[PDB]
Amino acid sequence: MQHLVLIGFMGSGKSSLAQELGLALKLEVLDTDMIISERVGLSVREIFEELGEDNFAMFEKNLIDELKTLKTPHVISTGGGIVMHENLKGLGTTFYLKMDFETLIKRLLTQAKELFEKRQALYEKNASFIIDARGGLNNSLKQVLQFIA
């Protein structure tokens, strides 16, 4: 609960922001996309295609509990599977990196819009803080650094 937890959709650019936020604050950064792929042995993309998003999200939800094992404060990029998460706020201060749907869509249909709407509601229910992604990585970073001050 002094972990800084970047949460948001996959493709939102949280991993890269995490990297740069760690560097700025002299903190280690952990990316649950990385851990899950490292431990499962398959790429994010293969897990998504062969096992589905619900199972990615399960992988993530099980890693969260382990992440409270951490003796030091970390930047943690996670939340690609918010559907399965109950309250990652118990992991630390969570920042939702909020991107509009059309912009998320470019970086990666009525059914996708439906999903996006439902999951955004979960992200902001799980967020201690909201960072507006529209302005790009450094403007998101400034936002996070301003919350910290």
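In this text, residue numbers run from 1 along the sequence as written.
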Worksheet item: Does the entry skip any residues of the deposited sequence between residue 108 and residue 109, and if so, is it 1 to 3, 4 to 9, or 10 or more, or none at all?
Response: 10 or more
Response to the item:
Avg C-alpha B-factor, entry values, 25 to 33 vs 79 to 87, higher side is 79 to 87
Practice prompt. On mean C-alpha B-factor from the PDB entry, just flag whether 89 to 97 or 111 to 119 is the higher one.
Written response: 111 to 119
Item to complete: Going by the recorded CA B-factors, say which third of the chain residue 46 sits in, lowest, middle or highest.
Response: highest
Worksheet item: Ranked by Cα temperature factor within the chain, is residue 58 in the lowest third, the middle third or the highest third?
Response: lowest
Practice prompt. Classify residue 143 as lowest, middle or highest third according to the C-alpha B-factor given in the PDB entry, relative to its own chain.
Written response: lowest
Item to complete: Compare the C-alpha B factor of residue 131 with those of the other modelled residues in its chain, then answer lowest, middle or highest third.
Response: middle
